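Form deposited in one PDB entry, single chain, as structure tokens, below.
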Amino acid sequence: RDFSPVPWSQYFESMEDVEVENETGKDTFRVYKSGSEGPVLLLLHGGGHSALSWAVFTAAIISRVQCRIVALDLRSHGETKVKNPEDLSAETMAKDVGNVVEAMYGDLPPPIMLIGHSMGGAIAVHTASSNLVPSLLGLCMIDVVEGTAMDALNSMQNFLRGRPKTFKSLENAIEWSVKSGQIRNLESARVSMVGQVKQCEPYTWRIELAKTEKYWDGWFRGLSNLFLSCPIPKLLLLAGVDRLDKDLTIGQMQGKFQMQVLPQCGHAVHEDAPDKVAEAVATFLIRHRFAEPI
């Protein structure tokens, strides 16, 4: 099989480094974009990943509904450069998302649907909840359930600590990511892995997720009810997570959010089964008349 790196340009129409001047100075956030019409799907990746994890999903969703895509490298991930990379509190990260949207569109933002996986799902909710994105019309969390969130992350640490510490080349990192079982979908791995690593000082991991543990409580505490309280249509996609917690079960009985079950994936279902995620998102968008089918 071919494990050579595939660039972002095979999936996104453009990319930009968005400048943001915040309390700690002047930061730059990397975004990969696509499309010209329809709602902007603002995609937030999970811990240790990057916006490139949404590459294959982007091609899949664009072929189903008329929409735009803005995949964001969160603080300390991918190619984003902040002055205080240690601060991964929910508060700061949500603020970043709002600041990025503000810088990208100013006073005339397009309709936006937040979509986040794991850590990104929590950040998506904190952002929507704090009303940091004025034009928000919908919210989606992928495999994020407060009740078991901490346990999901802890089960991962064992794997994370055992991974190779460096790779001779980007191609070897990609080959390892597939053969290790981390990324089942070869297509996604060839493009997304470049976002998970960086050149040493050979490649090494962009971030040691274990160092962010002090912020996990802030990411998930009260997240389920926080999600339910957001005054916009909502979507919960389950893949690796097999159950709702008590809060969401109650919310579901109250009809507060749409829910869909996708094929199991211990990692990122948006990388492993891009079109299944796109199909679910497209259905939701069409259901609420947020976008037109292609």
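Quick note: we count residues from 1 along the sequence shown, nothing fancier.
Separately, the form deposited with a partner chain bound exists; it is not shown, and the next lines address it.
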Any non-hydrogen atom of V241 within 4.5 angstroms of the partner chain in the deposited bound form: yes
4.5 Å heavy atom contact, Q254 and the partner chain in the deposited bound form: yes
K246 within 4.5 Å of the partner chain in the deposited bound form, heavy atoms: yes
Heavy atom of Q66 within 4.5 Å of the partner chain in the deposited bound form: no
Location of the partner chain contact in the deposited bound form, chosen stretch of 36 to 44, 254 to 262, 57 to 65, 23 to 31 [non-hydrogen atom, 4.5 Å]: 254 to 262
